[PDB]
Amino acid sequence: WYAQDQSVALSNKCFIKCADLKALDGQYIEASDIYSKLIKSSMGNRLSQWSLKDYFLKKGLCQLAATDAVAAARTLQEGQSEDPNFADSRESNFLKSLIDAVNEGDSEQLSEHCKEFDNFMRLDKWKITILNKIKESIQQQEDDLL
Amino acid sequence: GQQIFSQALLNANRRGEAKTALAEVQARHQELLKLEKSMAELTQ
Amino acid sequence: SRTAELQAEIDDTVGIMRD
Amino acid sequence: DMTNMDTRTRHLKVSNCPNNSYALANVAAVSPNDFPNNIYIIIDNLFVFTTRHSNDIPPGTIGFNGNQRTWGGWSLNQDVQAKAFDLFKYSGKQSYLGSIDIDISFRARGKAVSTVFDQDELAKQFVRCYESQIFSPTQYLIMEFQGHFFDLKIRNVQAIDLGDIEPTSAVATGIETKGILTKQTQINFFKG
């Protein structure tokens with residue numbers, strides 16, 4: 001309804017809440033789609049640049065919780081190409097590191113990267129939950145290979 | 001009719017200043033990292 | 001002493017901005 | 001009974017073992033459609049294993065455990081050739097195992113235990129869990145003895161024919177010699 005009024009900011013607030021709750025509920029793909037909408041509605045607006053980095057990160061995280069590391073890599077590449085402020089950001093490097101850990105099946109390296117990111121930029125509760133899910137998926141694959 | 005060599009010795013000079021050029025860079029470095037972290041929060 | 005001073009000012013400014 | 005069986009070659013993919021029990025059994029787990037039950041099959045004309053029916057493995061795939069892949073130097077999803085095997089035709093007379101030497105090692109170095117291992121008990125477990133199976137030198141195996149996991153490598157094997165009062169045959173370290181385990185094989189255990 002806010003998108004119907006061209007109220008981009010209010011619509012974005014509602015879609016942020018929707019995507020966060022969907023990702024916490026295990027609907028990772030749909031949350032990633034809502035984050036795609038948020039990203040697109042925020043491109044080129046100087047004012048949302050700082051939310052924009054966050055959106056890219058969250059999208060990748062959902063794609064990692066859905067065990068689709070390729071989509072996380074594509075999201076990282078898209079963000080690096082389309083938003084220069086995301087290219088150099090700690091969030092982009094963190095997402096890259098998480099993707100690398102997931103592809104390597106190394107849960108400990110993922111935990112190390114989580115701690116390193118936490119030390120410089122506090123992981124809020126949502127990120128902690130999603131990161132724990134990603135770790136759980138890596139560990140489950142490790143157990144399935146033994 | 002003979003000939004001589006010479007030698008070197010490194011003197012506390014370096015025992016201190018060169019070891020300090022590790023400790024005193026990384027530590028001021030620690031102050032600068034703290035500054036950077038605070039500025040990051042402020043900018044956010 | 002200069003940089004600590006700078007750190008102190010930045011910390012104060014963070015407080016004002018949180019407010 | 002191995003008289004009648006389809007000897008046609010099949011190309012099968014190597015995969016993770018279905019679970020620990022099958023790996024402890026050291027029997028190639030195959031579907032009923034793949035091969036009959038309780039028959040010796042050779043793989044790559046070198047690696048011989050006993051088949052067991054298994055519904056968890058689809059037709060066209062062969063299950064291996066880690067030690068076997070170490071023996072064959074195989075990676076996951078590797079294609080291997082599998083055919084029927086007949087040791088009795090190949091060897092002719094030397095169909096049994098006279099003396100078998102086994103190096104015993106700890107799979108995990110941190111699981112070293114100072115318990116006194118009775119060699120007779122190890123041999124009895126070897127015969128009890130494994131009967132009428134074909135083994136070759138350098139073949140690896142995993143033993144669960146009183147909850148302790150051990151890696152066994154058959155360093156050398158002696159093949160003897162029924163009726164031979166004395167083991168006048170030379171002990172062979174070459175992988176060509178294979179035999180069938182019996183309840184009287186002299187099992188000598190060495191450190192790993």
# chains A, B, ... in the order shown; residues from 1 in each chain; ligands from 1

$ residues_around --residues "stretch 169-181 of chain D" --least-positions-apart "6" --cutoff "10 Å" --atoms "only C-alpha atoms" --output "PyMOL selection string"
chain D and resi 46-48+87-88+90-91+94-100+126-127+130-139+154-161

$ interface_residues --of "chain D" --to "chain A" --cutoff "9 Å" --atoms "only C-alpha atoms" --output "list in words"
residues 16, 17, 19, 20 and 66 of chain D

$ interface_residues --of "chain A" --to "chain B" --cutoff "12 Å" --atoms "only C-alpha atoms" --output "compact mmCIF listing (two decimals) with N, CA, C and O atoms, in the first residue's frame"
# COMPACT_ATOMS: atom_id res chain seq x y z
N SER A 48 19.88 6.36 1.22
CA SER A 48 19.74 4.99 1.68
C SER A 48 21.01 4.17 1.50
O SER A 48 20.98 2.96 1.73
N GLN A 49 22.13 4.81 1.13
CA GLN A 49 23.38 4.11 0.83
C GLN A 49 23.77 3.16 1.96
O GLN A 49 24.22 2.04 1.72
N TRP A 50 23.59 3.62 3.19
CA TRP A 50 23.98 2.87 4.38
C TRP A 50 23.02 1.73 4.67
O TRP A 50 23.44 0.67 5.16
N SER A 51 21.74 1.91 4.37
CA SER A 51 20.85 0.76 4.41
C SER A 51 21.18 -0.20 3.28
O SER A 51 21.07 -1.42 3.45
N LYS A 53 24.04 -1.21 1.77
CA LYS A 53 25.03 -2.21 2.12
C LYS A 53 24.39 -3.30 2.94
O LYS A 53 24.47 -4.48 2.58
N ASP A 54 23.62 -2.90 3.96
CA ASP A 54 23.01 -3.89 4.84
C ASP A 54 22.14 -4.83 4.03
O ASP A 54 22.29 -6.06 4.15
N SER A 89 33.09 -2.15 1.31
CA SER A 89 32.54 -2.20 2.65
C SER A 89 32.95 -3.48 3.36
O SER A 89 33.27 -4.51 2.75
N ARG A 90 32.95 -3.40 4.69
CA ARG A 90 33.17 -4.56 5.53
C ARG A 90 32.11 -5.63 5.29
O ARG A 90 32.39 -6.82 5.43
N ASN A 119 33.61 -8.12 16.03
CA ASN A 119 34.50 -7.22 16.76
C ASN A 119 34.47 -5.80 16.20
O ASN A 119 34.68 -4.84 16.95
N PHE A 120 34.21 -5.65 14.90
CA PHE A 120 34.25 -4.35 14.23
C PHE A 120 32.86 -3.76 13.99
O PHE A 120 32.72 -2.54 13.86
N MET A 121 31.85 -4.62 13.93
CA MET A 121 30.47 -4.25 13.61
C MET A 121 29.59 -5.30 14.27
O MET A 121 29.53 -6.45 13.82
N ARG A 122 28.92 -4.91 15.35
CA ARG A 122 28.17 -5.86 16.17
C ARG A 122 27.09 -6.56 15.36
O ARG A 122 26.24 -5.91 14.73

$ residues_around --residues "residue A:72" --least-positions-apart "4" --cutoff "7 Å" --atoms "only C-alpha atoms" --output "tab-separated table (two decimals) with N, CA and C atoms, in the first residue's frame"
chain	number	residue	atom	x	y	z
A	60	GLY	N	22.51	-12.08	0.73
A	60	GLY	CA	23.45	-13.18	0.65
A	60	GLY	C	23.25	-14.15	1.79
A	63	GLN	N	20.52	-16.48	1.22
A	63	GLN	CA	20.90	-17.39	0.16
A	63	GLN	C	21.89	-18.42	0.68
A	64	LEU	N	22.60	-18.10	1.76
A	64	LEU	CA	23.48	-19.07	2.38
A	64	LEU	C	22.70	-19.99	3.30
A	68	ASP	N	22.22	-22.15	-1.12
A	68	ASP	CA	22.49	-21.70	-2.49
A	68	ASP	C	23.65	-20.70	-2.47
A	76	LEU	N	26.83	-10.93	-4.25
A	76	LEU	CA	28.06	-10.20	-3.92
A	76	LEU	C	28.61	-9.49	-5.15
A	99	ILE	N	30.88	-16.85	2.01
A	99	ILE	CA	30.70	-17.68	0.82
A	99	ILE	C	31.87	-18.64	0.67

$ residues_around --residues "residue D:5" --least-positions-apart "2" --cutoff "8 Å" --atoms "only C-alpha atoms" --output "number ranges by chain"
D: 2-3, 7, 36, 84

$ write_last_selection --atoms "C-alpha atoms" --output "tab-separated table (two decimals), in the first residue's frame"
chain	number	residue	atom	x	y	z
D	2	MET	CA	29.36	-69.48	-7.70
D	3	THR	CA	28.87	-71.86	-10.64
D	7	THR	CA	29.91	-62.01	-15.54
D	36	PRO	CA	23.34	-61.80	-6.72
D	84	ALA	CA	32.33	-61.41	-11.49

$ atom_distance --atom1 "atom CA of residue D:35" --atom2 "atom CA of residue D:185"
29.4 Å

$ interface_residues --of "chain B" --to "chain C" --cutoff "7 Å" --atoms "only C-alpha atoms" --output "ChimeraX atom specification"
/B:35,38-39,42

$ write_last_selection --atoms "N, CA and C atoms" --output "PDB file, in the first residue's frame"
ATOM      1  N   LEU B  35      40.422   4.934  16.916  1.00  0.00           N
ATOM      2  CA  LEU B  35      39.884   6.145  16.307  1.00  0.00           C
ATOM      3  C   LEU B  35      38.988   5.774  15.135  1.00  0.00           C
ATOM      4  N   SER B  38      35.678   4.258  16.226  1.00  0.00           N
ATOM      5  CA  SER B  38      34.777   5.287  16.750  1.00  0.00           C
ATOM      6  C   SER B  38      34.197   6.145  15.624  1.00  0.00           C
ATOM      7  N   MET B  39      35.033   6.509  14.656  1.00  0.00           N
ATOM      8  CA  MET B  39      34.554   7.277  13.512  1.00  0.00           C
ATOM      9  C   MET B  39      33.520   6.491  12.693  1.00  0.00           C
ATOM     10  N   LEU B  42      30.342   6.776  14.458  1.00  0.00           N
ATOM     11  CA  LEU B  42      29.840   8.147  14.364  1.00  0.00           C
ATOM     12  C   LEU B  42      29.228   8.393  12.994  1.00  0.00           C
TER      13      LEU B  42
END

$ residues_around --residues "residue D:34" --least-positions-apart "3" --cutoff "8 Å" --atoms "only C-alpha atoms" --output "list in words"
residues 30, 31, 59 and 60 of chain D

$ write_last_selection --atoms "N, CA and C atoms" --output "CSV table (one decimal), in the first residue's frame"
chain,number,residue,atom,x,y,z
D,30,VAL,N,25.4,-53.8,-2.7
D,30,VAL,CA,24.8,-53.6,-4.0
D,30,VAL,C,23.3,-53.9,-4.0
D,31,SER,N,22.6,-53.4,-5.0
D,31,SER,CA,21.2,-53.6,-5.1
D,31,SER,C,21.0,-55.0,-5.6
D,59,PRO,N,20.5,-49.2,-8.1
D,59,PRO,CA,21.2,-50.0,-9.1
D,59,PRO,C,22.2,-49.1,-9.9
D,60,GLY,N,23.4,-49.6,-10.2
D,60,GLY,CA,24.4,-48.9,-11.0
D,60,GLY,C,25.4,-48.1,-10.1

$ atom_distance --atom1 "atom CA of residue A:133" --atom2 "atom CA of residue A:82"
28.3 Å

$ select_by_dssp --residues "chain B" --states "helix (DSSP H, G or I)" --output "number ranges by chain"
B: 11-43

$ residues_around --residues "residue A:92" --least-positions-apart "5" --cutoff "7 Å" --atoms "only C-alpha atoms" --output "list in words"
residues 57, 76, 86 and 87 of chain A

$ write_last_selection --atoms "N, CA, C and O atoms" --output "PDB file, in the first residue's frame"
ATOM      1  N   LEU A  57      24.086  -7.555   2.204  1.00  0.00           N
ATOM      2  CA  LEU A  57      24.573  -8.573   3.121  1.00  0.00           C
ATOM      3  C   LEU A  57      23.456  -9.544   3.448  1.00  0.00           C
ATOM      4  O   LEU A  57      23.590 -10.752   3.222  1.00  0.00           O
ATOM      5  N   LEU A  76      26.835 -10.933  -4.250  1.00  0.00           N
ATOM      6  CA  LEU A  76      28.059 -10.205  -3.925  1.00  0.00           C
ATOM      7  C   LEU A  76      28.605  -9.491  -5.155  1.00  0.00           C
ATOM      8  O   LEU A  76      28.992  -8.321  -5.086  1.00  0.00           O
ATOM      9  N   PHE A  86      29.307  -0.353  -1.438  1.00  0.00           N
ATOM     10  CA  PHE A  86      29.283  -1.745  -0.996  1.00  0.00           C
ATOM     11  C   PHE A  86      30.567  -2.476  -1.368  1.00  0.00           C
ATOM     12  O   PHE A  86      30.953  -3.432  -0.690  1.00  0.00           O
ATOM     13  N   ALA A  87      31.206  -2.078  -2.470  1.00  0.00           N
ATOM     14  CA  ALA A  87      32.399  -2.776  -2.941  1.00  0.00           C
ATOM     15  C   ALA A  87      33.487  -2.816  -1.871  1.00  0.00           C
ATOM     16  O   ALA A  87      34.046  -3.878  -1.576  1.00  0.00           O
TER      17      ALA A  87
END

$ atom_distance --atom1 "atom CA of residue D:21" --atom2 "atom CA of residue D:142"
10.9 Å
